[PDB]
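Just the one chain here, laid out as structure tokens, in the form deposited in one PDB entry.
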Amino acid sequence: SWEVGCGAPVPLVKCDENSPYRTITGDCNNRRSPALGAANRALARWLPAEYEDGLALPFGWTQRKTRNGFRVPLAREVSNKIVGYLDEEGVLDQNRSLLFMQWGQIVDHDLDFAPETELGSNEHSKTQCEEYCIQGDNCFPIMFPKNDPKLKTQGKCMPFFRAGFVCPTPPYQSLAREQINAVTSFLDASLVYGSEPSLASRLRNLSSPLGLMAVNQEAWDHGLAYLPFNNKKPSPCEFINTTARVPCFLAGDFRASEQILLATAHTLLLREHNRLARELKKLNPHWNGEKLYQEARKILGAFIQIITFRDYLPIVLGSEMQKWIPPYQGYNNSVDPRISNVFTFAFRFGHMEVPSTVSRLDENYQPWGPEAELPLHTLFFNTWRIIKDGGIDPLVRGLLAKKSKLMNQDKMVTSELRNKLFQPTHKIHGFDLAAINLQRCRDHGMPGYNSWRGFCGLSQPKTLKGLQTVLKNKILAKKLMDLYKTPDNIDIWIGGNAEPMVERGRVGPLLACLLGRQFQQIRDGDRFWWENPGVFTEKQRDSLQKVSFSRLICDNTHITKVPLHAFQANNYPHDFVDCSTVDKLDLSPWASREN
């Protein structure tokens, strides 16, 4: 007895059916089931949700009710006893650049977003939750354990709001609570253009027929464009330096200004759209604005898919790559392309790959300025350092020359994110991303670690000795048992991230399985996948294979020296070469005659 009635919170419309362009909402990708993969719908469930009361309450909500007979430990204690570390030396990945971490965040934001609950404009819940830590409704505070230094200095808890769910959002109940994915599931560049009709339109430059995206009008970066500023005050980007008063950037995705390197990436993409756009007009002068926009847009979608599948996943999945994502075989209308709820947690392996600093390099790739190396936390929601401190070129050089942080069992997440994370909404640099993650696993009703091992067909340890062998680490296995009492209670996020990495990969077996299946699906169930016969012509695909992130760089900055393989670790100047030597995307194949 199914239930697929429930729905409304969804912006729907009719389909075009022989239209060559994806919709903004993702609707109509699948002809037989039109809303599959669309934005503003529930995340798919690969396993049933697991709640304290079986429907909506998170585990750890009712301090008396246990999970399999035990109390589940506070997310912050786990963060404190297993995730933190003090010494940053020796923690960098010797063969993965800072761009490796950054692309991951970009693919992520393209695929999923479960925003927090509102009903809170002009709200005191907004305060009944930060001031007094009273648990209730959508307020599910992260309590501080005894002996936490934040006690003495911050309060009794860290505010936290539950994720949105469907059918409504206010006081609801009935079936099992399913969170929302506010963006399209397909890998389609929805982060550049938006996932809603409204925002997509406001992002475009409609005062002219060139099919370009709107650009900042207050500042330019050496003639090159900037994303436009965001309308909405109170702005967090201006709260961090009330003298600079530079607002956040307005983009296709709302998290765009979370950190300066993510904003840099968004800018690089915006720029490529316009470039691609003025170039296409030049070869087909009669094309109107719509055609220029959709056509460029489609090129860029094919770009992100290529870099992701050809250059990125192979070094995340490693030797497991082929075990989950076999050679492409054509569109499969039976493959469900929805992003699963657990994937949004599996993809968070990236948080343990973020180093404590971001650097800026001048043109010889040497420290730019005196205070060239900044601590990560000073850059959450920091747009002023771009606009008033050198543009994006210095940051892009850092992306190519610095390394990512390597995941390590005794040194998982940097304190820059574990104690000094900045929320939009709040006023301090004192949040814990690691604790938020664990708290979100429960909010989302995730099955424990062992449920997912079974799912992936991997052993399921029940004993300390069992866990030691799987984690191949006596001590961590130990900390994990003292806190969880049973491996069946270990939250998927930490359980999955504590495993050793597979050969040539950056994630372990459980994650490789969870990541691998998800990507296989968004590829096989995407009617618009770039390799799908009829989407692009044979000659257009031969052109699209020469796309390189190195090139994306050369064409949209004033950097003339770039690595050939921008994801592996490269040393300047030996591994860098003149832009003049890098393959360019050939567009003549897009030229469409007449008569």
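The first residue of the sequence shown is number 1, and the count goes up from there. Throughout, rigid core stands for the largest set of C-alpha atoms superposing within 1.5 Å between the two forms.
Beyond what is shown, the protein has a form deposited in another entry; the following relates to that form.
Chemist: In a fit on the core, which one among 330, 370, 171, 285 has a Cα that moves 2 Å or more between this form and the one not shown?
Modeler: Meeting the 2 Å or more criterion is only 171.
Chemist: Does residue 20 count as moved between this form and the one not shown, where moved means a C-alpha shift of 2 angstroms or more after fitting the rigid core?
Modeler: No, the C-alpha moves less than 2 Å.
Chemist: With a threshold of 2 Å on the C-alpha, tell me if residue 11 counts as moved between this form and the one not shown once the core is superposed.
Modeler: Yes, the C-alpha position differs by at least 2 Å between this form and the one not shown.
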